[PDB]
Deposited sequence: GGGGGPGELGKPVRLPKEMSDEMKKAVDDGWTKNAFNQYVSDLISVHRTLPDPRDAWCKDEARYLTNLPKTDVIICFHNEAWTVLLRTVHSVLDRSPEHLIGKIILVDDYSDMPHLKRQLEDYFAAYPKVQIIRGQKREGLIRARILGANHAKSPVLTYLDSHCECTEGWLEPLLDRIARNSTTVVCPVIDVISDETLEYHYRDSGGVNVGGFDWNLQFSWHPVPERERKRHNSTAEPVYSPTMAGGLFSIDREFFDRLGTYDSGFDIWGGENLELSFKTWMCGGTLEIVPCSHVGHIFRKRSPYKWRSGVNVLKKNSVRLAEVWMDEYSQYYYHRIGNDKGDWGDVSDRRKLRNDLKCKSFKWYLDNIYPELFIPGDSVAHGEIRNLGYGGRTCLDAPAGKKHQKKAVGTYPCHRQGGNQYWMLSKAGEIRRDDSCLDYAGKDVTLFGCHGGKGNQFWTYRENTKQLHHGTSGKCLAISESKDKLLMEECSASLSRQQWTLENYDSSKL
């Protein structure tokens, strides 16, 4: 008898339900930003399907002597059944002799079930130790507390809403056992927040980590330069950056790299910091397609707030990004703010004798588009009806299927930051302007030109669409961004593009 959710199948609550049941379902969504009521019906030892490729069972060989790892799971107000299932998943699917301590770091959670109730439950489980923080300090400082209580040669981090799968630990530990400067992440699969269903995929469609120039992590598929390094797609692949929070690193190597920046605030790109340090200071970062961990992805985080990631992102750039720091500052309007004292980190970098950031981009992440190489980058200004209207929209996968609009120019960047590429893209990060006969849209650059292809006609100042033959323009209300027949005499069809350089063409 496996129960609800056995083998990763979804769980759906009745269509019509009593009121007390409704209150509890909503109670669960309010507290956790997933459906706790569903999670509570699912076994804490919920069985899962084997997501590993044929290659991972048959043709992959791992060294016989692997380093003992500690597992650090930070949490704050995590749900009972969810936290337990993460811990029970490590114990049940990891070879006993490879787990030293399962360290649960508390970070000043206040819900009763994580206090004494957790202590009594894991009393029977000797490898589980509970460290309690004295005040809410956030993820970054908590992982550092866990690394201080850990004595095993290797650290492995997991969120409190994860599920390890069959064979998850050996392929990660194998990479470190070959070479200790190697940081590794499992493939991070999706557990539905609504049904807790488990979703895994072919090692063909594996994504490797990069970043947008707002210093946010972002996924991209494995570059061909990398795929050509491998006889099979299930071998470990280089990844210029980690998503963060699920990874394994050598404990002393973690220490040597300065762990996380002590001066970061909660809103941190510590994941980006650790990634750059690993590459630039004698290590490598790998995604191991043979290792799958499920994670409960949430649409929002229900945490107290204490723009705002700006401090952590500027320290990351002031220390680690050399001349390329300027490209982050453009996106935030050069309002760098006050990132605090950062001297300790500059000394740390010099003592380790790390490579330059250009080296990182040139050798590890050369696929990344550098805004300085574009024909123009900055705001896109329309000269019509006052000349104080700018191309303005948000990017991302939620703001796909939105029409791109217009808004008054604030020289602050962000939503009015764009690059005109040599390949005729008007873009922000991996998003491209696109026109297929209804509205102008921002979605994902496919690199095929066509409807994502534009021409800036220097003498006329028009933005010309190759396939529709139309010209880009703004309406009289200045609220909408439309396509119309090209007329040289129309001011609503004129644009000036910041940093236009003819020679980048």
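Annotation: deposited residues 1-2, 309-311 are not represented by C-alpha coordinates in the model.
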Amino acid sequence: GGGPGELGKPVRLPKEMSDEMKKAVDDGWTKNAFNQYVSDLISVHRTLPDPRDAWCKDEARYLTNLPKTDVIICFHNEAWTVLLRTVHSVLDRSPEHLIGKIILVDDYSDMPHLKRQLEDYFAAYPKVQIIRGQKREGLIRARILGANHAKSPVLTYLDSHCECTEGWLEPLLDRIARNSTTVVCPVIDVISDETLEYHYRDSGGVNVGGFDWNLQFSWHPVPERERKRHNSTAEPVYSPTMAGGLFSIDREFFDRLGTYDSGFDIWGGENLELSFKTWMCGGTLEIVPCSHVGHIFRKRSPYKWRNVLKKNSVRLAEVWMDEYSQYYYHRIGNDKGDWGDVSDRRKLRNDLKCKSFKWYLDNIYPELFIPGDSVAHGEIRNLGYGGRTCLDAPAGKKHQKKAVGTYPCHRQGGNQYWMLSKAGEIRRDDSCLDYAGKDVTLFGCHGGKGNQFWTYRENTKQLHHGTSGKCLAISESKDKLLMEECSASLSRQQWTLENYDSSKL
From here on, numbers count along this sequence of modelled residues.
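Stretches 261-269 and 99-107 differ in mean C-alpha B factor, with the higher average recorded for 261-269. Higher average CA B factor: 408-416, of the stretches 243-251 and 408-416. For the set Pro394, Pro289, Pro223, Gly294, the PDB entry assigns the largest Cα B-factor to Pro394. Among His149, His199, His230, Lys358, the highest C-alpha B-factor in the deposited entry belongs to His230.
When the CA B factors of the chain's modelled residues are split into thirds, the value for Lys401 lands in the highest one. Per the deposited record, the Cα B-factor of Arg306 falls in the highest third when ranked against the other modelled residues of its chain. Ranked by C-alpha B-factor against the other modelled residues of its chain, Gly466 falls in the highest third. Residue-level temperature factors show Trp168 in the middle third of its chain, judged at the C-alpha atom. Ranked against the other modelled residues of its chain, the C-alpha B-factor of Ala60 as given in the entry falls in the highest third.
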